[PDB]
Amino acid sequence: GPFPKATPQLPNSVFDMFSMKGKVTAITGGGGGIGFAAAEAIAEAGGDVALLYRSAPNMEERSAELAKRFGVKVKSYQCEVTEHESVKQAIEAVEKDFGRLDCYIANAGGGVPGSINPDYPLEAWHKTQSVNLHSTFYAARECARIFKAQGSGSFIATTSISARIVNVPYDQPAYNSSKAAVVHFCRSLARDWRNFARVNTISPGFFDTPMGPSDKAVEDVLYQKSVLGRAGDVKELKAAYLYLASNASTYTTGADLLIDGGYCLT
């Protein structure tokens, strides 16, 4: 269009920039460590939250608790992120029940570790790519229509240090490549969607979660590589999700927030 494009009117108050009042956020892996923490940050900011889950229990009860706690709307939705159909239906259910969708957090993830050789099953590769990469694309694709119609939107993917670093001692090229794919996929989206949305990623290091250090051997690697000598606590991501989800970050697009206690420094 004509240049320069309009600078938005912006709150004089930094805390007001963080407000999620009147805004709707959907979060996959909603029942998990990072996902629920993000939900708590956003619910505290006054935002309504859709918690998307697959196998997590008590989600209706956990939703009701979060809603009561913060005085916002929280509803849980079953969503199998490897299935486009399920990803789409969850998004359209959120749009229908809430009236809009301002933020999608593609936070569900997983995969299967292993060296690359003929002992690595072909399905292990594709399940891994499906859960981290294809899932993000299925969500983005459908969000694109909502965000374009609203003229606004914020897409966040939870990536990993594995997108830029190679995990040791348990090789996992599949998971590493799938997360790197997401990082640059989101960057491409930031340009693609420049007229109606921002797109950013958060790359956590090791966090105290069921997806954190699997055993003593990875813990020992963590204590050496993390300059802080410890795994993160999920509260330490809360502000970063809220930062990207809100008007705190209206000039932040195509960015990857590295929250890793210095893991990637050495």
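Throughout, we count residues from 1 along the sequence that is shown.
* Higher mean Cα B-factor in the deposited model: 255 to 263 or 1 to 9? -> Per the deposited B-factors, the answer is 1 to 9.
* **Residue stretch of maximal mean CA temperature factor, 209 to 217 vs 232 to 240** => According to the PDB entry, the answer is 209 to 217.
* To do: Sort the modelled residues of this chain by their C-alpha B factor and say whether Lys179 lands in the lowest, middle or highest third.
  => Ranked within chain, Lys179 CA B lands in the lowest tercile.
* Asked: Looking at the C-alpha B-factor of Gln172, is it in the lowest, middle or highest third of its chain?
  -> Its C-alpha B-factor belongs to the lowest third of this chain's values.
* Asked: Can you tell me which third, lowest, middle or highest, the CA B-factor of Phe196 falls into for its chain?
  -> Highest third, going by the recorded CA B-factors of the chain.
* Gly71 by Cα B-factor - lowest, middle or highest third of the modelled chain -> Highest third, going by the recorded CA B-factors of the chain.
* To do: Ordered by C-alpha B-factor within the chain, which third holds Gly153? Give me lowest, middle or highest, please.
  => Answer is lowest: the recorded C-alpha B-factor places it there.
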